[PDB]
Amino acid sequence: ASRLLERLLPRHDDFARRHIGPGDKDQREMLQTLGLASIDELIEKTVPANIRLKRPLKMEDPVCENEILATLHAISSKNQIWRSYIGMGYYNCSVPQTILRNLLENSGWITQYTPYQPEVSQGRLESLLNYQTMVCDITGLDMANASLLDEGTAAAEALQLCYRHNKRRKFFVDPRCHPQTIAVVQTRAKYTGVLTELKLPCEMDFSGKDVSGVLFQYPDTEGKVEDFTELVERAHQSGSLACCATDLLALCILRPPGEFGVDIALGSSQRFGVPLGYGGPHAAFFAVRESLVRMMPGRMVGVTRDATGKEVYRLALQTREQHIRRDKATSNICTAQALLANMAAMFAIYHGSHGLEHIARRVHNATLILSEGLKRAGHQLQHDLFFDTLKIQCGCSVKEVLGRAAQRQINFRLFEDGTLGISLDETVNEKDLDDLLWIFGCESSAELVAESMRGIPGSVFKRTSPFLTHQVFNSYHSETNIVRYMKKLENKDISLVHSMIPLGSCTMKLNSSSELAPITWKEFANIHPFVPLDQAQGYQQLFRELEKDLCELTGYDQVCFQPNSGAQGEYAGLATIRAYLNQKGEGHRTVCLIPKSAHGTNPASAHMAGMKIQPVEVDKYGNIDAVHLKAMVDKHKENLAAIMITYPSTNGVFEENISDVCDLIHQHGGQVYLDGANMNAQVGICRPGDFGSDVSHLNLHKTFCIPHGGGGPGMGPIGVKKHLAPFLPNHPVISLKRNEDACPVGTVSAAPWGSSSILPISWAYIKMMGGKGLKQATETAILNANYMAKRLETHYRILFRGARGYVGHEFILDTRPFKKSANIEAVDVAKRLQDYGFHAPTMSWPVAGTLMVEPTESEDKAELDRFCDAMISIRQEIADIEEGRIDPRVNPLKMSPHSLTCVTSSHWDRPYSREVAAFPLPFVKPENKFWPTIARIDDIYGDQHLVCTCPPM
Amino acid sequence: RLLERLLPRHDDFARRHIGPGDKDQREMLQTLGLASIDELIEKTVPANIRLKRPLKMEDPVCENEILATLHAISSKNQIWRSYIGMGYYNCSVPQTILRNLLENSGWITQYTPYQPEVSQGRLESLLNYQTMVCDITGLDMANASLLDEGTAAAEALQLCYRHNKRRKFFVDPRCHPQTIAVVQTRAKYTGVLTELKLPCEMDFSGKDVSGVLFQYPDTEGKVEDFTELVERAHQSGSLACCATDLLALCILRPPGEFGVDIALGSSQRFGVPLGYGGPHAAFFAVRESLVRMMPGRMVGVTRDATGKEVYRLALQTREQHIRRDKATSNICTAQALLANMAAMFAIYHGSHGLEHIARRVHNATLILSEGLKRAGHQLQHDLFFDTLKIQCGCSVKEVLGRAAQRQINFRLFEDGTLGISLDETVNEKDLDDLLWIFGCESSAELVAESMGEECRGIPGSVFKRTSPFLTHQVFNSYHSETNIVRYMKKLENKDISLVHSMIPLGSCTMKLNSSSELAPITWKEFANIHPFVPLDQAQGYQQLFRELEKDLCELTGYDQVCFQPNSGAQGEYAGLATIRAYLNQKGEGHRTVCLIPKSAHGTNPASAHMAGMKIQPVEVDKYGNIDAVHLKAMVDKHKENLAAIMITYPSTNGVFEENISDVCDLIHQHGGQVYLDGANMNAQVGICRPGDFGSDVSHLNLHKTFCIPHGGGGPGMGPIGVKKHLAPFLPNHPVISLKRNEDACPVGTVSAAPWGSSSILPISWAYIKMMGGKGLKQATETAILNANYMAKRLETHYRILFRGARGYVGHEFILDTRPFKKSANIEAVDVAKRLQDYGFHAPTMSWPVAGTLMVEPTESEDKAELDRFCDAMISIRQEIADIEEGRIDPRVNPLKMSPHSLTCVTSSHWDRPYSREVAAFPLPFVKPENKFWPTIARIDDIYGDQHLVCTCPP
Ligand SMILES: *Cc1c(COP(=O)(O)O)cnc(C)c1O
Ligand SMILES: *Cc1c(COP(=O)(O)O)cnc(C)c1O
């Protein structure tokens with residue numbers, strides 16, 4: 001049926017042939033191993049027939065890789081790049097190009113994920129410790145985490161920390177916090193059951209001993225620098241905590257919150273060398289007094305020892321987190337903003353305290369110059385003491401001032417009272433000042449104004465305390481040195497430039513160069529999130545196009561991009577369900593059914609949304625126990641708000657009758673939340689919206705190629721059926737309302753579409769793959785997983801399988817029997833795989849003591865075979881212990897991993913060879929050998945001796 | 001101004017570029033017993049040749065504004081769809097290669113693979129390039145690149161002359177015009193007569209023809225059978241040389257199959273940008289019997305000390321550094337990085353993907369051809385690959401008016417006909433635009449429907465390729481993007497580079513290649529313009545050239561700069577030829593003698609021989625300087641026939657000669673010109689200028705002094721600065737005119753494109769504009785401080801062989817390791833290989849003095865890095881003392897067994913009289929967290945040349 005022209009002149013290229021690892025030969029052979037005739041036969045035996053697509057996906061024709069950038073350029077060039085002095089928590093900065101090139105555009109930094117396996121992850125661990133040390137020094141507090149999602153959510157996390165600490169149900173918020181910060185904190189308080197009150201400090205009475213805490217901002221949203229010493233003292237006298245939203249650059253010359261008694265300091269690290277990104281991604285900082293550290297949200301690097309006593313790094317106090325404590329965790333947060341936290345650390349490293357003081361003083365002096373010129377021109381300043389931000393009452397018409405600003409393509413903040421906000425930044429020079437003085441009608445140039453001339457350095461607020469004195473911040477100031485340091489850290493970390501990372505539940509697929517390119521384009525990276533929308537029409541088209549495609553892949557009617565992680569998606573989705581229920585008079589319904597196999601984020605998100613959790617048992621075959629499910633639905637039927645399911649299941653298995661589960665919940669007045677992290681087994685074959693699901697988050701950093709970033713950034717957009725659409729998140733600066741009926745749940749992220757600048761990656765994957773390619777990717781993810789399971793099944797027990805004996809995109813290897821037969825633990829197998837050149841699969845979840853393996857469609861048959869052969873050879877090592885051929889205390893498994901220092905030493909006292917230690921199979925060669933940089937990590941020691949800043953060098 | 005007090009400069013790029021800060025500099029000065037930098041300079045650079053006033057440059061540009069400043073220039077270029085052809089064809093550069101190789105400092109900061117055991121990655125990749133070229137051309141051995149197509153064609157002519165010594169050479173006039181011009185220029189100064197003849201007008205029967213050059217497909221697009229022409233040449237003892245196209249050869253029977261002796265061309269369309277001329281790797285392949293006359297580098301397979309199969313540069317005595325004026329060419333820096341880009345293209349696509357692209361391009365051309373004929377236009381040739389020659393059936397004016405409307409360029413032939421060359425980028429939409437431009441009233445869909453699926457063009461002809469290519473596993477393994485990224489990383493990790501440690505290569509200037517400088521070279525406004533566009537499309541490039549020329553004029557004291565020469569050696573050749581054209585026009589053409597000190601770089605005598613000069617060596621005295629006695633005697637001897645001298649300042653041993661103006665005056669008084677080799681300008685910039693002390697012309701190495709990346713062996717740029725008396729004789733180009741006057745009397749054309757590799761010039765523009773006059777001076781000052789500091793630290797452990805009058809060196813110095821041969825049976829090579837174990841690429845070896853090391857740190861490395869290198873050398877001196885004094889076996893010790901591979905240090909078997917720790921971590925700064933492994937044991941230099949294998953073994 002093809003046109004004659006298509007036969008003579010086919011498509012230049014098919015991106016799917018690059019993205020998908022196995023070719024025709026690989027696929028036939030894998031099918032042969034499975035005893036199957038075709039891919040359709042595998043799918044027919046795996047995915048239940050009654051939930052499969054009735055017609056293929058309706059998508060646009062695929063775009064050739066050689067045209068994707070020009071196609072996307074026709075969109076991005078519709079944005080306008082103005083000079084934005086809007087402020088409001090986003091300030092332009094000068095991103096060092098050497099960090100941009102050697103870290104952000106380096107696949108050796110961005111393809112790895114959360115540092116789960118410390119011995120092959122010491123590089124990013126050290127860098128995040130640098131971030132923590134930077135934040136503690138600048139804020140003046142004791143401990144800081146390894147990033148939050150953004151400023152407003154960090155402020156919300158402070159509120160929740162205060163509630164956890166003292167259980168009081170009142171919380172004060174200064175109305176001079178940024179508007180988006182207020183909205184996120186109010187939304188978080190609403191569903192947690194805390195009452196917020198908007199009050200200026202002089203209206204705050206703590207004397208009832210009923211206030212959990214207070215949030216204020218320094219400098220505040222109007223630019224003012226205030227002394228909060230007395231306010232903090234009052235709070236404390238009545239048992240309340242004090243929380244300060246602040247600015248790392250301002251704090252380079254301002255006495256910091258730690259020095260006026262603050263308990264929690266938080267803000268964005270964006271202006272420390274990360275692009276505006278039309279909202280993100282940016283690492284928020286969050287730091288506390290030492291006495292609050294047990295309640296810290298998120299990850300936090302700590303110092304510990306390895307098996308030799310060497311000082312080394314590891315994620316610390318991990319029982320705080322969702323994966324151990326579930327609904328009792330300190331937060332739902334999982335993917336955070338790791339890569340961007342590391343960008344901001346490297347900024348601070350490259351500049352040192354001296355270079356950061358230089359920038360800060362320059363910015364403040366530009367602001368002081370601007371202020372003097374505006375006063376001389378007859379305009380009034382509302383505050384005399386500021387860092388970078390002025391609040392101006394125009395001495396003439398505001399209209400005529402703004403007409404002049406438009407002529408020079410400059411944006412100010414327009415306050416509702418008719419006054420103007422101007423926030424200067426690192427990028428501001430003489431020419432920009434002269435433009436600004438002209439906008440305000442001032443005859444005199446910046447040079448002239450300077451001549452007749454203070455601020456922070458002449459005030460009682462000037463900083464007198466040191467910061468960034470550790471050698472890491474005083475060593476890498478030449479470009480040659482910084483490049484060498486970034487490389488040293490990269491090379492410590494195994495990543496997708498080395499080998500498959502078959503992390504179950506993570507989807508470690510290809511992050512392609514063509515998809516990645518656009519994120520550093522100026523038309524995407526350099527737009528302030530709150531510009532007038534006629535400057536961001538390119539972003540508007542991007543959002544429309546990506547929404548429509550995501551709607552078609554999922555069977556949903558509307559997508560909301562605000563949630564900036566999967567867990568944020570779960571929280572937003574659950575809150576939207578509750579707002580739906582509330583509006584329709586069913587607000588008494590708060591019970592959420594959660595199978596015990598759910599990801600830990602699920603119960604943590606449900607708790608954060610104010611729901612009551614009812615666990616549902618899983619049966620011996622791995623499926624939701626239907627007896628217990630029916631009993632829990634009957635028990636809670638009057639108060640049932642929702643169920644959280646995952647399809648296919650978190651063990652990789654397709655449930656046989658998932659529509660029946662959806663129908664049972666619907667019949668009892670609940671909504672169905674479907675966790676979309678496993679959509680790599682669905683795309684182009686079935687759709688959660690077709691079988692009864694009402695809302696799902698998607699993980700664009702798993703299924704849709706956003707890079708894993710060493711732990712972030714992510715995007716967790718939610719798709720909803722149209723009955724939920726009126727209740728989707730809104731934003732107080734940029735309105736997201738589409739319909740007449742709108743009744744928004746609130747605001748869940750600081751920026752209206754979250755981390756907007758990374759969405760082109762997923763748009764690009766989708767547009768290049770098309771309908772056929774997207775289907776083929778899922779088909780191959782399933783083929784690759786089943787092929788590995790088949791190869792391993794006579795050596796390890798494949799724990800759970802579907803009705804006809806097939807898995808989905810991942811499977812569990814049950815290593816538990818080896819505990820009794822050989823004193824071997826799953827951790828021994830994980831560490832030993834490092835010696836075979838592999839980052840371990842997912843460990844001990846959903847089943848403790850086992851491994852969950854997800855290869856993805858991006859890895860080829862030869863790579864799958866290397867991994868299977870490694871496992872087979874490890875099975876034989878275990879058999880050597882089982883059968884008494886090697887010492888059960890000192891053998892390769894128990895001594896793994898084998899560091900370079902171990903295998904190169906003069907000593908050697910092992911009952912096995914160096915060759916067996918370090919090159920256990922012939923594919924592990926000196927030419928490709930990746931070294932674990934340390935011996936086995938000590939998980940206990942670090943938590944007993946807590947050290948979460950850079951130790952002395 | 002008080003504005004600057006309140007509002008200082010955002011940043012100073014010099015503080016990033018220059019490694020040592022204030023504390024480092026004070027301490028280094030203290031070690032030298034000096035009070036300031038001015039005191040060091042005052043004691044080093046002779047007072048009478050120093051700048052009379054400071055450099056007049058623009059105010060320095062902050063690093064945070066350099067890209068926006070450059071964008072205001074680059075955006076003046078217009079990016080049209082160019083179907084001009086003429087040896088440059090747009091292609092779809094794989095973004096993954098672009099990101100993970102071209103924009104990867106682990107690929108681009110290293111230089112020529114002199115130290116094989118820490119360079120096996122790029123060596124393997126270049127072997128891949130060679131294998132790709134041999135398979136596609138059908139010839140036996142290929143080199144590891146040439147500079148461009150026209151210079152490769154010139155090298156073929158010179159190879160033919162070397163082979164049979166005949167003074168006649170035939171050139172088909174259907175070769176590309178720029179190729180013809182480079183070949184004619186080369187021949188003119190070599191003394192060979194070229195004759196422009198069609199095959200039917202070529203008579204070889206006199207047995208006086210060196211060889212013949214023809215092109216397949218030719219510049220008009222035609223595919224011709226040259227079987228009979230090659231046979232005729234051979235019957236009379238002549239060679240046959242074929243300029244060709246690697247993409248065409250994926251479906252055309254290749255030159256190896258029709259008896260051709262040398263095949264050559266550009267690899268540009270195998271995934272490298274147009275670059276407004278470059279950089280691009282040329283290919284050059286020959287019959288096995290001609291390999292001893294091969295120009296350039298060539299990778300070979302050999303063994304290491306354990307018998308393992310490994311890679312090294314082969315047959316090295318052919319090259320300038322060993323054979324000097326007797327070498328097979330002057331070429332030194334080539335196009336390594338770009339050769340490796342084209343190999344990775346071929347790897348990523350395989351033969352199946354290359355056939356797909358080739359067939360697609362040919363079918364698009366077949367479709368275009370059918371539409372144009374149906375519209376009443378005439379085609380001159382019915383058998384072609386991608387290129388049509390069209391006689392318009394209507395007015396050419398109206399055709400071109402429509403083409404301008406769609407921003408499309410054609411080639412305009414002198415005869416009023418039009419050339420159209422399609423390429424990988426061409427799709428249905430572009431065909432429909434083209435058909436509309438030609439008035440067709442049809443579409444590409446419609447045209448395809450009336451053709452059917454009949455076999456036409458190349459596949460329906462006796463020319464269809466039937467021989468296989470790229471059957472080795474390397475071309476059939478890395479087709480997923482995941483696999484290609486992993487392969488590029490594997491190779492990258494084998495190679496020590498500036499992402500690891502200082503590479504203190506004397507005469508190489510291994511300074512910082514900054515991210516801000518590098519960014520612009522992949523901007524579309526620079527990368528994606530065809531070199532021969534109408535000039536109103538390249539006004540941005542014109543301003544770039546003007547600005548960089550003016551700054552280079554001011555740094556050197558010259559009056560005009562020419563950017564055509566695309567390496568330092570090309571600069572030397574162009575500069576020498578310009579001198580001769582000057583002398584010829586003034587009635588002094590009898591003067592051909594060129595005085596060359598014996599300490600000159602090997603390129604100097606090779607370039608002089610290439611320019612047709614007679615070479616007279618000049619001796620060096622016991623202090624390292626030009627021997628004054630012998631110089632005066634050689635000037636006296638040759639005074640009637642003296643054309644030039646080639647000097648280097650400071651000298652190639654790092655020493656400032658005390659009276660360099662006197663040398664310039666002596667040559668001038670006897671009717672000669674002064675050529676000054678500019679490779680050591682990093683000891684001059686902002687302190688002194690070769691033009692102020694009597695030099696008439698210099699090449700500059702932008703890839704040494706001015707931050708173009710070393711690229712594993714290329715690319716380079718070697719622009720020449722000249723005094724105004726030489727300016728009328730500068731190179732021209734036959735497609736794009738470089739004449740500034742009616743007075744012009746050009747030497748000829750030395751490179752294929754008018755300004756050479758234009759797209760990499762922004763790097764040097766950027767360095768200069770960010771540094772300013774003060775920063776540039778500080779860089780030079782610090783290059784000299786760092787070199788003197790290291791010499792001072794090492795002088796009680798090693799003899800510093802040569803120094804200036806007051807005891808100071810310039811930017812580099814020589815360590816005399818020769819006495820260790822008698823005292824310990826230690827060779828300079830032992831010290832080089834042992835340094836690898838300490839985490840360092842060796843310095844420059846055995847040049848200018850055999851058996852010694854020459855060390856150049858540059859200003860970009862800080863005191864701590866210099867100290868690690870000095871401490872490594874001190875610890876090595878102690879290892880030698882252990883041998884001298886009988887404390888360790890003199891045959892089996894760390895020096896003799898170096899380098900120590902991972903396989904060596906990790907093995908079950910040891911049995912050396914020293915530890916693994918001493919082997920692999922000899923000092924505490926060498927740690928497991930930063931340990932770079934030599935990938936192989938010491939390489940056997942003899943074995944590989946005795947068992948020549950220059951393609952991938954099975
Ligand atoms: C990763 C994951 C999530 C949560 O995503 P984050 O972006 O990490 O917050 C939820 N459920 C499952 C099953 C996952 O694998
Ligand atoms: C590098 C160098 C050259 C030649 O420059 P290329 O760009 O390699 O051709 C000439 N002379 C000296 C002294 C050099 O260091």
# chains A, B, ... in the order shown; residues from 1 in each chain; ligands from 1
>>> residues_around(residues="residue A:66", least_positions_apart="5", cutoff="9 Å", atoms="only C-alpha atoms", output="PDB file with N, CA and C atoms, in the first residue's frame")
ATOM      1  N   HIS A  12      14.743   8.744   6.412  1.00  0.00           N
ATOM      2  CA  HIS A  12      16.226   8.851   6.576  1.00  0.00           C
ATOM      3  C   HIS A  12      16.685   7.884   7.677  1.00  0.00           C
ATOM      4  N   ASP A  13      15.969   7.909   8.819  1.00  0.00           N
ATOM      5  CA  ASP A  13      16.306   7.077   9.967  1.00  0.00           C
ATOM      6  C   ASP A  13      15.052   6.747  10.804  1.00  0.00           C
ATOM      7  N   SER A 514      20.063  13.491  21.341  1.00  0.00           N
ATOM      8  CA  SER A 514      19.080  14.397  20.661  1.00  0.00           C
ATOM      9  C   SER A 514      17.973  14.887  21.617  1.00  0.00           C
TER      10      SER A 514
ATOM     11  N   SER B  92      24.112  14.509   8.147  1.00  0.00           N
ATOM     12  CA  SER B  92      23.389  14.508   9.386  1.00  0.00           C
ATOM     13  C   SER B  92      24.370  13.951  10.413  1.00  0.00           C
ATOM     14  N   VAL B  93      25.015  14.878  11.100  1.00  0.00           N
ATOM     15  CA  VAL B  93      26.020  14.559  12.098  1.00  0.00           C
ATOM     16  C   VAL B  93      25.301  13.888  13.279  1.00  0.00           C
ATOM     17  N   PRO B  94      25.663  12.645  13.626  1.00  0.00           N
ATOM     18  CA  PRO B  94      24.939  12.048  14.758  1.00  0.00           C
ATOM     19  C   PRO B  94      25.189  12.821  16.025  1.00  0.00           C
ATOM     20  N   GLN B  95      24.124  13.260  16.689  1.00  0.00           N
ATOM     21  CA  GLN B  95      24.261  14.056  17.858  1.00  0.00           C
ATOM     22  C   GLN B  95      25.027  13.328  18.982  1.00  0.00           C
ATOM     23  N   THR B 425      20.841  15.122   3.691  1.00  0.00           N
ATOM     24  CA  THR B 425      19.766  15.941   4.284  1.00  0.00           C
ATOM     25  C   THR B 425      18.568  16.082   3.443  1.00  0.00           C
TER      26      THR B 425
END
>>> interface_residues(of="chain B", to="chain A", cutoff="7 Å", atoms="only C-alpha atoms", output="JSON, numbers by chain")
{"B": [2, 3, 6, 7, 15, 16, 17, 18, 19, 64, 92, 95, 96, 99, 360, 363, 364, 445, 448, 449, 479, 480, 481, 482, 485, 486, 489, 490, 499, 500, 512, 515, 516, 860, 902, 903, 905, 906, 907, 908, 915, 916, 917, 928, 929, 930, 935]}
>>> residues_near_ligand(ligand="ligand 2", cutoff="9 Å", atoms="only C-alpha atoms and all ligand atoms", output="number ranges by chain")
B: 330-334, 506-509, 566-572, 600-604, 648, 651-652, 677-680, 699-704, 713-718
>>> residues_near_ligand(ligand="ligand 1", cutoff="9 Å", atoms="only C-alpha atoms and all ligand atoms", output="number ranges by chain")
A: 332-336, 504-507, 564-570, 598-602, 646, 649-650, 675-678, 697-702, 711-716
>>> residues_around(residues="residue B:353", least_positions_apart="4", cutoff="12 Å", atoms="only C-alpha atoms", output="list in words")
residues 12, 13, 14, 17 and 18 of chain A; 247, 250, 251, 270, 345, 346, 347, 348, 349, 357, 358, 359, 360, 424, 469, 470, 475, 476 and 479 of chain B
>>> write_last_selection(atoms="C-alpha atoms", output="CSV table (one decimal), in the first residue's frame")
chain,number,residue,atom,x,y,z
A,12,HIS,CA,16.2,8.9,6.6
A,13,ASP,CA,16.3,7.1,10.0
A,14,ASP,CA,14.1,5.3,12.6
A,17,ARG,CA,16.5,1.3,15.9
A,18,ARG,CA,18.9,3.4,18.1
B,247,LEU,CA,29.5,7.9,0.1
B,250,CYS,CA,29.2,2.7,-1.0
B,251,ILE,CA,27.3,1.9,-4.2
B,270,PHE,CA,30.8,10.9,6.9
B,345,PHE,CA,30.0,7.5,11.8
B,346,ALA,CA,30.9,4.4,9.8
B,347,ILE,CA,30.9,2.3,13.0
B,348,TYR,CA,27.4,3.6,14.0
B,349,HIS,CA,25.9,3.1,10.5
B,357,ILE,CA,22.0,6.7,2.9
B,358,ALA,CA,23.9,6.3,-0.3
B,359,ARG,CA,20.9,4.7,-2.2
B,360,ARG,CA,18.5,7.3,-0.7
B,424,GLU,CA,22.0,13.0,3.1
B,469,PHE,CA,33.0,-3.6,2.8
B,470,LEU,CA,33.2,-3.0,6.6
B,475,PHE,CA,31.5,-2.1,12.1
B,476,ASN,CA,28.8,-4.6,13.1
B,479,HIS,CA,24.6,0.2,16.3
>>> residues_around(residues="residue B:525", least_positions_apart="4", cutoff="10 Å", atoms="only C-alpha atoms", output="ChimeraX atom specification")
/B:71,73-79,275-276,520-521,529,538,540-541,759
>>> closest_residue(among="B:646, B:548, B:375, B:498", to="residue B:108", atoms="only C-alpha atoms")
B:498
>>> select_by_dssp(residues="stretch 108-332 of chain B", states="helix (DSSP H, G or I)", output="PyMOL selection string")
chain B and resi 108+116-118+120-137+149-164+177-190+199-201+227-235+248-250+255-258+275-277+288-293+316-318+320-326
